[PDB]
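S.K.: Handing you this structure, nothing more for now.
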Ligand SMILES: [Ca+2]
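Numbering (the numbering used here), first residue to last: 53 to 331.
Put into C-alpha cells, the structure is as follows:
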C-alpha cells in the first residue's frame, strides 16, 4: 500500500532515505493487534479513528481527552491518515489530567491496569503500550513498566525532552522496555531529545502532524511523538508475524536504518525505526 503526501514521519519510517513524502506499508496495517495509549486520553469520536478507538480507563472525573496530547499520540499510532498502523484497535488509559500531569502512583496503576486489561481485549496479533510521558528516576515507575512488558505487552516509552541522558528519567531508564528518542525530517537528533545508553531506538519527533481534540489536527514536537511511531510500528510488525511483544524492540533495532542520524552523542545508538517494507 502507498499513501501519498503522508506526514513526513510516516514516509520516513518506510524509507531508506529522508526527503520523501509517501508512506509505504503492508495492507494488513496492524489489523488484529491492539495498542494502549497511556496518556491524557483519546477523543475516540474523531473521524480519523473510524470507530477503532475506545477509552477503557480513567483515574479522573472524566475519560475525555481535555488536552489533546493523548489524541495526538493515538493518531500517530493508528489514525487513518496520520497513523502507522491504520487498522489497529486503540485503547485509551487516562493517567494524565487535562493539564498533561499525573502522579507517579496513578501512572503505575495505569500500567498495571493494562497488564491485566489485555486479558479482556481481543488482540490475536499481540498487544502494545505507548507511554509518551515521564519524570525523574523512580524505581517503582520502572518496575511497573517492566511488569507490563513481562506480562506480554510491547512497551514503548519516551526518552524525554531534556536534551539530557535518559538514565535519570522514568520509565525511560528501564532496560526491559523500548526507549524512544526523537529525530527531525533532516535526520538530525531532535534538539530536545534525550539520549544515552538506555535508548533503544529513534523515531520521528519534530513537527509531527496528527489528530487533535475537537475533531481537528495539529503539528507538535517531542519524544512523545516519536514513541507512538515505534508503538505503531511494533503493532504493524506483530500482525505481519515478523515479531512478538517480547522481541519487537530488538527486532526494530535489528532492522533499523543505521548510522544515518546526525548529532547522536557518542555511546547512544544511531538507529532509526524502519518498517523494511518492500512494496
Ligand atoms: Ca530495552
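Here a beta-carbon is modelled for each residue, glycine too, at the ideal position from N, C-alpha and C.
Three-state secondary structure (DSSP) at residue 171?
M.R.: Helix at residue 171.
S.K.: Short check: CB of residue 124 to CB of residue 270, under 9 Å?
M.R.: Yes, Cβ-Cβ distance for residue 124 and residue 270 is below 9 Å.
S.K.: I'd like to confirm the pairing. Which residues does DSSP put opposite residue 159 in its beta bridges?
M.R.: Answer by DSSP bridge pairing: none, since residue 159 is not bridged.
S.K.: Using the Cα positions of residue 211 and residue 283, report the straight-line distance between them to the nearest angstrom.
M.R.: Between residue 211 and residue 283, the C-alpha separation is close to 13 Å.
S.K.: Taking DSSP's pairing of strands, which residues face residue 240 in a bridge?
M.R.: Per DSSP, 314.
S.K.: Using beta-carbon positions only, say whether residue 232 and residue 275 come within less than 9 Å of one another.
M.R.: Yes. Within cutoff.
S.K.: Give me, in chain order, the residues of the same chain whose beta-carbon lies closer than 6 Å to that of residue 213; leave out the 5 immediate sequence neighbours on both sides.
M.R.: Closer than 6 Å at the Cβ level, and outside the excluded window around residue 213, lie 244, 274, 275.
S.K.: Within the structure, which residues are defined as neighbours of ligand 1 by a Cβ-heavy atom distance below 7 Å, reported in chain order?
M.R.: Spelled out in chain order, the answer is 227, 228, 229, 230, 231, 252, 301.
S.K.: Between which two residues does the alpha helix (DSSP H) carrying residue 122 extend?
M.R.: Where residue 122 is concerned, the enclosing alpha helix (DSSP H) stretches over 121-130.
S.K.: So residue 130 and residue 82 are supposed to be a Cβ contact under 8 Å. How far apart are they, rounded?
M.R.: Yes, residue 130 and residue 82 are in contact; Cβ-Cβ is about 7 Å, under 8 Å.
S.K.: I need the boundaries of the beta strand (DSSP E) containing residue 270, first residue and last residue.
M.R.: Taken as a continuous stretch (DSSP letters only), the beta strand (DSSP E) holding residue 270 covers 268-272.
S.K.: Going by DSSP in three states, residue 201 sits in which element: helix, strand or coil?
M.R.: Note: residue 201 maps to helix in three-state DSSP.
S.K.: Between the alpha carbons of residue 104 and residue 77, how many angstroms are there, rounded?
M.R.: Going from the Cα of residue 104 to the Cα of residue 77 covers about 19 Å.
S.K.: Since residue 261 is in the beta strand (DSSP E), which residue starts that stretch and which ends it?
M.R.: Residue 261 -> beta strand (DSSP E) spans 260-264.
S.K.: Pick out whichever of 315, 113, 100 has its Cα sitting closest to the Cα of residue 247.
M.R.: Answer by Cα proximity: 315.
S.K.: Check whether the segment 112-127 touches the segment 89-97, counting contact only when three or more Cβ pairs, one atom from each stretch, lie closer than 8 Å.
M.R.: Cβ pair count under 8 Å is three or more, so yes.
S.K.: With DSSP run on the structure shown, which of helix, strand or coil describes residue 292?
M.R.: Three-state DSSP puts residue 292 in coil, outside helix and strand.
S.K.: When you compare each of 187, 142, 148, 183 to residue 174 by their alpha carbons, which one comes out closest?
M.R.: Looking at the Cα atoms, 142 is the closest of the given residues.
S.K.: Report the rounded CA-to-CA distance for residue 300 versus residue 255, giving the unit in angstroms.
M.R.: Each residue's alpha carbon lies about 15 Å from the other.
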